[PDB]
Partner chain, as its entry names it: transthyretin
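One chain comes next, on its own, written as structure tokens: the form solved without its partner chain.
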């Protein structure tokens, strides 16, 4: 019944980069193929005078053969015609960390409590996403209040992802 075409997904009306700046703690993640950020994931958003949004992120990543390292990542956001949809160029402060360019959508936020982010890296031929990821962010590292949690669950369902998240732990690893 429900529409899972990426082209159908609503995103945050009149998204305000300035209001979104500051520290966001990842509470939950839906992983893409070949997942990178594992847990202890914290993002820092900024906007400069030209209106350009950028971010840094810290988190544990586990490169294969199970060697744990705290990745330090950088992202810069190129605007699109939709104020809530961006292209995010990202890299690690270390050369060998994963680099790339992903769609970065702010699906919903109230700026001071919760955010829902979404990226489809690759479409299916029917317009659904073949390879997606999504972060749920909280301003408070101890988690969302119930009213926000309930809104977020609705958005997770609208993205056709609600069954597919895992919780992100924060235990000072970094």
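We call the rigid core whatever largest set of C-alpha positions still superposes within 1.5 Å between the two forms. Residue numbers count along the first chain shown, from 1.
Here 66-74 and 116-124 are scored by the root mean square distance of their C-alpha atoms in 8 other deposited structures of this protein, with each structure fitted by the rigid core; the higher score goes to 66-74.
The segment moving more, judged by mean Cα distance from this form in 8 other deposited structures of this protein after a core overlay, is 56-64 among 37-45 and 56-64. Taking the mean C-alpha B-factor of each stretch as recorded, 154-162 and 15-23 are not equal, and the higher mean is that of 15-23. For the two regions 125-133 and 139-147, the entry's Cα B-factors average higher over 139-147. Across 43, 116, 47, 35, the greatest Cα temperature factor reported in the deposited entry is at 47. When the C-alpha B-factors of 64, 120, 107, 28 are read from the PDB record, the largest value belongs to 64.
Per the PDB record, residue ranking by Cα B-factor puts residue 167 in the lowest third of the chain.
Unshown form deposited with its partner chain bound; subsequent notes refer to it.
In the bound PDB entry, at least one heavy atom of residue 92 sits within 4.5 Å of a heavy atom of its partner chain.
Interface residue remark: residue 98 is counted as part of the site for its partner chain in the bound PDB entry, having a heavy atom within 4.5 Å. For residue 36, a non-hydrogen atom is located within 4.5 Å of its partner chain in the bound PDB entry, even though that partner is not displayed. Taking the partner from the other structure, its partner chain in the bound PDB entry has a heavy atom within 4.5 Å of a heavy atom of residue 63. In summary, the region of this chain contacting its partner chain in the bound PDB entry, judged by heavy atoms within 4.5 Å and restricted to 129-137, 22-30, 102-110, 65-73, corresponds to 65-73.
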